[PDB]
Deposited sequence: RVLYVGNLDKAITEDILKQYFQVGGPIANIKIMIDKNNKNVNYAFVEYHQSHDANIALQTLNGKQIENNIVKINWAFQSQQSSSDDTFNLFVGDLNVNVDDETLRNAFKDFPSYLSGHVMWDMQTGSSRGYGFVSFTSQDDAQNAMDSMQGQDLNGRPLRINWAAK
């Protein structure tokens, strides 16, 4: 239901966004992200129905609203728990049969291991084919990355890299 709108002319307000993006149907929420310095803003426009958002994308994508031409995406959104002072690794190319527990059992014996989460489809409960592992130490996360890079888990090679450094 959420569209990302990019390359927004900085003079464009929420009210101006509403008069264009209403073209798809009733809007539940508009949120413009004002740059506090950049030449353009971006926004999130949320509809009640997926069908409505698609109309707005279809109709308005690549069009001049004022000075800049508008770039619309379906917004990638996630819900993730977090822990302070941790060093997190992305772990991709996960076999669809790999769950948090399988991932845990693959990294737990490495020094400073904290947690592992597979990224789940919010509606279906299917694996997105990637996840994250957390460590309390940067050198130890580095150690786990070097040791598990390309290594096979449930038939598939692990793709690892820093998520936030």
List in ascending order the stretches of the deposited sequence, numbered from 1, that lack C-alpha coordinates.
38
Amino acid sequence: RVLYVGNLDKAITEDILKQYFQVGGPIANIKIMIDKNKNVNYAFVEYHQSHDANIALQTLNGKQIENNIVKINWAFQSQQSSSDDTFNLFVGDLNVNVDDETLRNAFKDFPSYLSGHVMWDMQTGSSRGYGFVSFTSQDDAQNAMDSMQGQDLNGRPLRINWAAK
From here on, numbers count along this sequence of modelled residues.
Output the stretch having the higher mean C-alpha B factor in the entry; the candidates are 143-151 and 8-16.
8-16
Got a sec? Mean C-alpha B-factor, which is higher, 65-73 or 109-117?
65-73
Tertile call for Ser134 (CA temperature factor, within chain, third-based) is the lowest
What third of the chain does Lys38 rank in for C-alpha temperature factor, lowest, middle or highest?
highest
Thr124: CA B-factor among chain residues, third -> highest
Cα B factor band for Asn97 (lowest, middle or highest third within the chain):
lowest
